[PDB]
file coords_5.cif (mmCIF, N, CA and C atoms)
data_start
#
loop_
_atom_site.label_atom_id
_atom_site.label_comp_id
_atom_site.auth_asym_id
_atom_site.auth_seq_id
_atom_site.Cartn_x
_atom_site.Cartn_y
_atom_site.Cartn_z
N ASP A 202 80.36 106.05 115.77
CA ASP A 202 79.82 104.71 115.87
C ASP A 202 79.82 104.12 114.50
N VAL A 203 79.05 104.76 113.59
CA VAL A 203 78.94 104.35 112.20
C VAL A 203 80.30 103.92 111.65
N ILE A 204 81.29 104.76 111.89
CA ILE A 204 82.54 104.35 111.34
C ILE A 204 82.94 103.00 111.85
N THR A 205 82.75 102.69 113.10
CA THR A 205 83.25 101.37 113.53
C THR A 205 82.43 100.23 112.98
N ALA A 206 81.12 100.37 113.14
CA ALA A 206 80.14 99.57 112.35
C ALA A 206 80.65 99.27 110.93
N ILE A 207 81.01 100.30 110.14
CA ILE A 207 81.62 100.03 108.86
C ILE A 207 82.81 99.09 108.94
N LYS A 208 83.97 99.54 109.43
CA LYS A 208 85.12 98.59 109.69
C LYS A 208 84.73 97.18 110.15
N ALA A 209 83.90 97.03 111.17
CA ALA A 209 83.62 95.64 111.53
C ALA A 209 82.89 94.89 110.44
N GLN A 210 81.63 95.24 110.19
CA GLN A 210 80.78 94.65 109.19
C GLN A 210 81.32 94.69 107.71
N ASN A 211 82.22 95.65 107.38
CA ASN A 211 82.86 95.57 106.07
C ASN A 211 84.34 95.39 106.14
N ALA A 212 84.76 94.13 106.13
CA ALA A 212 86.12 93.75 106.25
C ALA A 212 86.38 92.43 105.51
N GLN A 213 87.64 92.01 105.45
CA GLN A 213 88.18 90.90 104.64
C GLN A 213 89.24 90.23 105.58
N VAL A 214 88.75 89.27 106.34
CA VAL A 214 89.53 88.58 107.31
C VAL A 214 90.29 87.50 106.56
N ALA A 215 91.20 86.84 107.25
CA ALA A 215 91.94 85.78 106.65
C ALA A 215 91.92 84.67 107.64
N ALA A 216 91.07 83.66 107.42
CA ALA A 216 91.14 82.48 108.32
C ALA A 216 92.13 81.55 107.71
N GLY A 217 92.78 80.72 108.55
CA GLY A 217 93.76 79.79 108.07
C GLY A 217 93.21 78.80 107.06
N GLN A 218 93.50 77.53 107.35
CA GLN A 218 93.20 76.42 106.45
C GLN A 218 93.04 75.10 107.23
N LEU A 219 92.09 74.27 106.81
CA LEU A 219 91.84 72.97 107.40
C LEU A 219 92.96 71.97 107.09
N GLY A 220 93.61 72.11 105.95
CA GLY A 220 94.78 71.30 105.63
C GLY A 220 95.71 71.44 106.79
N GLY A 221 96.72 72.29 106.78
CA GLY A 221 97.46 72.49 108.01
C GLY A 221 98.91 72.52 107.68
N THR A 222 99.42 73.71 107.47
CA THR A 222 100.71 73.91 106.92
C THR A 222 101.54 72.82 107.47
N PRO A 223 101.76 72.71 108.84
CA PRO A 223 102.36 71.54 109.59
C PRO A 223 101.24 70.69 110.20
N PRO A 224 100.88 69.58 109.52
CA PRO A 224 99.78 68.65 109.78
C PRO A 224 99.92 67.59 110.90
N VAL A 225 98.99 66.60 110.91
CA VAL A 225 98.98 65.57 111.94
C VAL A 225 99.24 64.19 111.38
N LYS A 226 99.41 63.28 112.34
CA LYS A 226 99.63 61.90 112.09
C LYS A 226 99.65 61.71 110.62
N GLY A 227 98.48 61.49 110.04
CA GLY A 227 98.37 61.22 108.62
C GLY A 227 96.97 61.59 108.24
N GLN A 228 96.81 62.77 107.66
CA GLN A 228 95.48 63.21 107.22
C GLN A 228 95.34 63.59 105.78
N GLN A 229 94.17 63.26 105.24
CA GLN A 229 93.72 63.66 103.90
C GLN A 229 92.75 64.82 104.05
N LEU A 230 92.27 65.43 102.95
CA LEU A 230 91.38 66.61 103.10
C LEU A 230 92.17 67.80 103.59
N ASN A 231 92.54 68.67 102.66
CA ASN A 231 93.14 70.00 102.89
C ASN A 231 92.31 71.11 102.27
N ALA A 232 91.82 72.07 103.05
CA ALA A 232 91.08 73.19 102.43
C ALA A 232 91.18 74.54 103.14
N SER A 233 90.69 75.58 102.45
CA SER A 233 90.70 76.93 102.99
C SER A 233 89.52 77.21 103.94
N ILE A 234 89.53 78.32 104.68
CA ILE A 234 88.40 78.63 105.49
C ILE A 234 88.07 80.05 105.10
N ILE A 235 86.82 80.47 105.11
CA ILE A 235 86.59 81.78 104.51
C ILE A 235 85.69 82.50 105.44
N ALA A 236 86.07 83.71 105.76
CA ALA A 236 85.34 84.42 106.78
C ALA A 236 84.73 85.72 106.21
N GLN A 237 84.41 86.70 107.04
CA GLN A 237 83.98 87.95 106.46
C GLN A 237 84.63 88.26 105.15
N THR A 238 83.81 88.79 104.22
CA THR A 238 84.21 89.37 102.93
C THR A 238 83.82 90.80 102.90
N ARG A 239 84.61 91.55 102.17
CA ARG A 239 84.32 92.96 101.91
C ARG A 239 82.88 92.99 101.32
N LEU A 240 82.12 94.05 101.52
CA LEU A 240 80.76 94.00 101.12
C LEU A 240 80.70 94.37 99.61
N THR A 241 79.54 94.56 99.01
CA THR A 241 79.69 94.82 97.58
C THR A 241 78.75 95.69 96.81
N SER A 242 77.71 96.14 97.51
CA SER A 242 76.70 96.95 96.96
C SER A 242 76.03 97.75 98.04
N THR A 243 75.72 99.01 97.72
CA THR A 243 74.82 99.90 98.53
C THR A 243 74.01 99.06 99.55
N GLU A 244 73.26 98.06 99.03
CA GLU A 244 72.34 97.18 99.82
C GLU A 244 73.00 96.47 101.04
N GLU A 245 74.18 95.91 100.83
CA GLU A 245 74.96 95.28 101.90
C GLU A 245 75.29 96.28 103.01
N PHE A 246 75.98 97.38 102.70
CA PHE A 246 76.41 98.30 103.78
C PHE A 246 75.22 98.69 104.54
N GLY A 247 74.21 99.12 103.82
CA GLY A 247 73.15 99.84 104.46
C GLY A 247 72.41 98.94 105.38
N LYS A 248 72.55 97.63 105.22
CA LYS A 248 72.07 96.74 106.24
C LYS A 248 73.03 96.65 107.45
N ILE A 249 74.20 97.27 107.35
CA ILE A 249 75.12 97.20 108.45
C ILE A 249 74.28 97.56 109.66
N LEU A 250 74.51 96.78 110.75
CA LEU A 250 73.78 96.70 112.00
C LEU A 250 74.35 97.72 112.88
N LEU A 251 73.57 98.76 113.19
CA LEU A 251 74.11 99.84 114.03
C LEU A 251 74.11 99.58 115.56
N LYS B 603 119.70 53.14 88.42
CA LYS B 603 120.78 53.37 89.42
C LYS B 603 122.15 53.75 88.84
N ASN B 604 122.41 53.36 87.60
CA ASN B 604 123.65 53.67 86.86
C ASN B 604 123.59 54.98 86.04
N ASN B 605 122.66 55.86 86.41
CA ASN B 605 122.55 57.19 85.82
C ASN B 605 122.09 58.22 86.87
N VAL B 606 120.96 57.94 87.52
CA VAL B 606 120.47 58.84 88.54
C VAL B 606 121.51 58.94 89.63
N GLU B 607 122.17 60.09 89.70
CA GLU B 607 123.18 60.34 90.73
C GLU B 607 122.44 60.75 91.97
N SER B 608 121.43 61.60 91.79
CA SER B 608 120.59 62.00 92.92
C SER B 608 119.32 62.62 92.42
N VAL B 609 118.28 62.47 93.24
CA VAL B 609 117.07 63.24 93.07
C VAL B 609 116.84 64.17 94.28
N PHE B 610 116.75 65.46 93.96
CA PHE B 610 116.30 66.50 94.86
C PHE B 610 114.83 66.79 94.67
N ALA B 611 114.00 66.35 95.63
CA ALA B 611 112.52 66.40 95.47
C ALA B 611 111.82 67.24 96.55
N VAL B 612 110.99 68.19 96.11
CA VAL B 612 110.27 69.05 97.00
C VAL B 612 108.79 69.12 96.65
N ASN B 613 107.94 69.01 97.69
CA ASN B 613 106.47 69.11 97.56
C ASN B 613 106.07 70.45 98.11
N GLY B 614 105.27 71.16 97.31
CA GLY B 614 104.81 72.48 97.66
C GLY B 614 105.26 73.45 96.61
N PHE B 615 106.33 73.11 95.89
CA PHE B 615 106.72 73.77 94.61
C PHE B 615 106.10 73.12 93.39
N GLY B 616 104.83 73.34 93.16
CA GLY B 616 104.28 72.92 91.88
C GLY B 616 104.73 73.91 90.85
N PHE B 617 104.37 73.70 89.58
CA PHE B 617 104.62 74.76 88.61
C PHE B 617 103.43 75.57 88.15
N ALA B 618 102.33 75.58 88.89
CA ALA B 618 101.16 76.36 88.45
C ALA B 618 100.49 76.75 89.69
N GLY B 619 101.06 76.31 90.80
CA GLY B 619 100.52 76.70 92.10
C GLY B 619 101.47 76.22 93.15
N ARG B 620 101.02 76.31 94.42
CA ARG B 620 101.69 75.59 95.49
C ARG B 620 100.70 74.81 96.23
N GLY B 621 101.06 74.52 97.47
CA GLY B 621 100.13 73.86 98.37
C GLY B 621 100.42 72.40 98.47
N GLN B 622 100.01 71.82 99.57
CA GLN B 622 100.27 70.45 99.86
C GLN B 622 100.07 69.55 98.59
N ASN B 623 99.33 70.06 97.59
CA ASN B 623 98.79 69.20 96.54
C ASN B 623 99.95 68.79 95.71
N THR B 624 100.57 69.72 94.99
CA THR B 624 101.66 69.41 93.99
C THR B 624 103.07 69.47 94.58
N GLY B 625 104.01 68.85 93.88
CA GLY B 625 105.41 68.95 94.18
C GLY B 625 106.17 68.65 92.92
N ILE B 626 107.48 68.68 92.97
CA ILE B 626 108.26 68.47 91.79
C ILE B 626 109.67 67.92 92.18
N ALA B 627 110.20 66.97 91.40
CA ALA B 627 111.43 66.28 91.73
C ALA B 627 112.56 66.50 90.76
N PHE B 628 113.55 67.30 91.14
CA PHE B 628 114.71 67.51 90.30
C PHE B 628 115.68 66.35 90.46
N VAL B 629 116.16 65.81 89.34
CA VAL B 629 117.08 64.69 89.34
C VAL B 629 118.37 64.93 88.54
N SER B 630 119.48 64.74 89.25
CA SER B 630 120.85 64.87 88.75
C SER B 630 121.46 63.50 88.42
N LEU B 631 121.80 63.31 87.15
CA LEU B 631 122.36 62.06 86.64
C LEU B 631 123.84 61.96 86.97
N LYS B 632 124.50 60.93 86.41
CA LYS B 632 125.96 60.74 86.55
C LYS B 632 126.65 61.19 85.27
N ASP B 633 127.93 61.53 85.41
CA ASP B 633 128.71 62.13 84.32
C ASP B 633 128.42 61.56 82.91
N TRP B 634 128.22 62.44 81.94
CA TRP B 634 128.03 62.06 80.56
C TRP B 634 128.88 60.86 80.19
N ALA B 635 130.07 60.78 80.77
CA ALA B 635 130.96 59.66 80.57
C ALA B 635 130.27 58.36 80.97
N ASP B 636 129.96 58.24 82.27
CA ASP B 636 129.36 57.04 82.86
C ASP B 636 127.99 56.83 82.29
N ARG B 637 127.65 57.70 81.35
CA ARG B 637 126.40 57.60 80.61
C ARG B 637 126.77 57.58 79.13
N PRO B 638 127.16 56.38 78.62
CA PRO B 638 127.59 56.06 77.26
C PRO B 638 126.47 56.07 76.19
N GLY B 639 125.75 54.97 76.05
CA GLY B 639 124.86 54.84 74.89
C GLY B 639 123.65 55.76 74.95
N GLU B 640 123.18 56.22 73.79
CA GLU B 640 121.92 56.97 73.74
C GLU B 640 120.95 56.58 74.84
N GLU B 641 120.67 55.29 74.93
CA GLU B 641 119.84 54.74 75.97
C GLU B 641 120.13 55.37 77.34
N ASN B 642 121.40 55.69 77.60
CA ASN B 642 121.81 56.28 78.87
C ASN B 642 121.81 57.80 78.90
N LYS B 643 121.03 58.43 78.03
CA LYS B 643 121.02 59.87 77.93
C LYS B 643 119.67 60.43 78.33
N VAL B 644 119.61 61.75 78.44
CA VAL B 644 118.42 62.34 79.01
C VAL B 644 117.24 62.13 78.12
N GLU B 645 117.37 62.56 76.86
CA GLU B 645 116.20 62.58 75.99
C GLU B 645 115.75 61.16 75.87
N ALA B 646 116.47 60.24 76.55
CA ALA B 646 116.10 58.80 76.69
C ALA B 646 115.64 58.32 78.09
N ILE B 647 116.26 58.84 79.16
CA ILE B 647 115.96 58.43 80.54
C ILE B 647 114.60 58.89 80.98
N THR B 648 114.20 60.05 80.48
CA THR B 648 112.90 60.63 80.77
C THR B 648 111.82 59.81 80.08
N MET B 649 112.09 59.35 78.86
CA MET B 649 111.15 58.49 78.16
C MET B 649 110.66 57.34 79.01
N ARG B 650 111.58 56.58 79.58
CA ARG B 650 111.23 55.48 80.48
C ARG B 650 110.33 55.98 81.59
N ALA B 651 110.95 56.76 82.48
CA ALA B 651 110.29 57.48 83.55
C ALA B 651 108.88 57.94 83.22
N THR B 652 108.73 58.81 82.21
CA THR B 652 107.42 59.40 81.84
C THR B 652 106.35 58.33 81.74
#

call {"tool": "encode", "arguments": {"input": "coords_5.cif", "output": "structure tokens"}}
result
Amino acid sequence: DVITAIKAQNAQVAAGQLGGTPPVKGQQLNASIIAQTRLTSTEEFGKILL
Amino acid sequence: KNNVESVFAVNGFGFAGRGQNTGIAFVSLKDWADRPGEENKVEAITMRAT
């Protein structure tokens, strides 16, 4: 279990972008989206939700 | 018009990054011949442009 808990709760996903490689009509405002980040200290993991 | 033979222009090729933000335009002039006076030379055509 713990192992999966780790993988899920400690990961580095890649969400696309609000800009839009191939965009629409005519839009301004292009940006990234940011999702799960790898964790970073004893304290983060150990809060991983079992 | 009597120098610029063509401009090849691409957006997404910046020189310090990419992304919708920057782009860069390569321009091909007409033969050194059809480009007589200093005024019609590169170290001159860019001056105007810039």

call {"tool": "closest_residue", "arguments": {"input": "coords_5.cif", "among": "A:231, A:205, A:249, A:238", "to": "chain B", "atoms": "all atoms listed in the file"}}
result
A:231

call {"tool": "select_by_dssp", "arguments": {"input": "coords_5.cif", "residues": "chain B", "states": "helix (DSSP H, G or I)", "output": "PDB file with N, CA and C atoms, in the frame of the given file"}}
result
ATOM      1  N   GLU B 640     123.180  56.220  73.790  1.00  0.00           N
ATOM      2  CA  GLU B 640     121.920  56.970  73.740  1.00  0.00           C
ATOM      3  C   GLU B 640     120.950  56.580  74.840  1.00  0.00           C
ATOM      4  N   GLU B 641     120.670  55.290  74.930  1.00  0.00           N
ATOM      5  CA  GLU B 641     119.840  54.740  75.970  1.00  0.00           C
ATOM      6  C   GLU B 641     120.130  55.370  77.340  1.00  0.00           C
ATOM      7  N   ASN B 642     121.400  55.690  77.600  1.00  0.00           N
ATOM      8  CA  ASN B 642     121.810  56.280  78.870  1.00  0.00           C
ATOM      9  C   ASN B 642     121.810  57.800  78.900  1.00  0.00           C
ATOM     10  N   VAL B 644     119.610  61.750  78.440  1.00  0.00           N
ATOM     11  CA  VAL B 644     118.420  62.340  79.010  1.00  0.00           C
ATOM     12  C   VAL B 644     117.240  62.130  78.120  1.00  0.00           C
ATOM     13  N   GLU B 645     117.370  62.560  76.860  1.00  0.00           N
ATOM     14  CA  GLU B 645     116.200  62.580  75.990  1.00  0.00           C
ATOM     15  C   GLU B 645     115.750  61.160  75.870  1.00  0.00           C
ATOM     16  N   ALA B 646     116.470  60.240  76.550  1.00  0.00           N
ATOM     17  CA  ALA B 646     116.100  58.800  76.690  1.00  0.00           C
ATOM     18  C   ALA B 646     115.640  58.320  78.090  1.00  0.00           C
ATOM     19  N   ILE B 647     116.260  58.840  79.160  1.00  0.00           N
ATOM     20  CA  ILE B 647     115.960  58.430  80.540  1.00  0.00           C
ATOM     21  C   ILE B 647     114.600  58.890  80.980  1.00  0.00           C
ATOM     22  N   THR B 648     114.200  60.050  80.480  1.00  0.00           N
ATOM     23  CA  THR B 648     112.900  60.630  80.770  1.00  0.00           C
ATOM     24  C   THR B 648     111.820  59.810  80.080  1.00  0.00           C
ATOM     25  N   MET B 649     112.090  59.350  78.860  1.00  0.00           N
ATOM     26  CA  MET B 649     111.150  58.490  78.160  1.00  0.00           C
ATOM     27  C   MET B 649     110.660  57.340  79.010  1.00  0.00           C
ATOM     28  N   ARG B 650     111.580  56.580  79.580  1.00  0.00           N
ATOM     29  CA  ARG B 650     111.230  55.480  80.480  1.00  0.00           C
ATOM     30  C   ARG B 650     110.330  55.980  81.590  1.00  0.00           C
ATOM     31  N   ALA B 651     110.950  56.760  82.480  1.00  0.00           N
ATOM     32  CA  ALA B 651     110.290  57.480  83.550  1.00  0.00           C
ATOM     33  C   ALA B 651     108.880  57.940  83.220  1.00  0.00           C
TER      34      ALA B 651
END

call {"tool": "atom_distance", "arguments": {"input": "coords_5.cif", "atom1": "atom CA of residue B:638", "atom2": "atom CA of residue B:605"}}
result
10.0 Å

call {"tool": "atom_distance", "arguments": {"input": "coords_5.cif", "atom1": "atom N of residue A:233", "atom2": "atom N of residue B:619"}}
result
15.6 Å

call {"tool": "residues_around", "arguments": {"input": "coords_5.cif", "residues": "stretch 241-248 of chain A", "least_positions_apart": "4", "cutoff": "8 Å", "atoms": "only N, CA and C atoms", "output": "number ranges by chain"}}
result
A: 207, 210-211

call {"tool": "decode", "arguments": {"input": "coords_5.cif", "residues": "chain A", "atoms": "C-alpha atoms", "output": "compact mmCIF listing (two decimals), in the first residue's frame"}}
result
# COMPACT_ATOMS: atom_id res chain seq x y z
CA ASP A 202 0.00 0.00 0.00
CA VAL A 203 2.62 2.44 1.24
CA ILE A 204 4.47 2.07 -1.95
CA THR A 205 1.51 3.18 -3.99
CA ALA A 206 0.71 5.98 -1.60
CA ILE A 207 4.29 7.11 -2.27
CA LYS A 208 4.04 7.04 -6.13
CA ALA A 209 0.69 8.82 -6.09
CA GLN A 210 1.31 11.53 -3.46
CA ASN A 211 4.98 11.95 -4.58
CA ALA A 212 5.02 12.60 -8.26
CA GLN A 213 5.72 15.30 -10.93
CA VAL A 214 2.87 15.47 -13.42
CA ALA A 215 2.90 17.55 -16.53
CA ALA A 216 -0.24 19.55 -17.22
CA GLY A 217 -0.44 21.28 -20.57
CA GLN A 218 -0.79 25.01 -21.01
CA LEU A 219 -3.57 27.64 -21.14
CA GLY A 220 -1.93 29.27 -24.17
CA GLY A 221 -2.54 26.42 -26.58
CA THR A 222 0.03 25.09 -28.90
CA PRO A 223 -2.75 25.23 -31.67
CA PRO A 224 -5.03 28.09 -30.35
CA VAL A 225 -8.48 29.63 -31.05
CA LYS A 226 -10.07 32.41 -32.97
CA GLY A 227 -7.87 35.09 -31.53
CA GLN A 228 -6.71 34.87 -27.94
CA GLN A 229 -4.28 36.67 -25.66
CA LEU A 230 -3.01 35.22 -22.33
CA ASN A 231 -0.74 32.15 -22.71
CA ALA A 232 0.44 30.27 -19.60
CA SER A 233 1.55 27.00 -18.01
CA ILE A 234 -0.48 24.82 -15.65
CA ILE A 235 1.19 23.18 -12.71
CA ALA A 236 0.11 20.11 -10.96
CA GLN A 237 1.55 17.71 -8.40
CA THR A 238 5.21 18.37 -7.56
CA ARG A 239 7.72 15.95 -6.23
CA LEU A 240 7.75 16.34 -2.46
CA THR A 241 10.74 17.79 -0.64
CA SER A 242 11.29 17.06 2.96
CA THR A 243 10.72 14.25 5.52
CA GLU A 244 7.64 16.36 6.63
CA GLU A 245 5.86 16.21 3.23
CA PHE A 246 6.12 12.42 2.68
CA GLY A 247 5.23 11.54 6.13
CA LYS A 248 2.00 13.38 5.76
CA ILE A 249 1.31 11.14 2.77
CA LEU A 250 -2.29 9.97 3.29
CA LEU A 251 -2.46 6.25 3.80
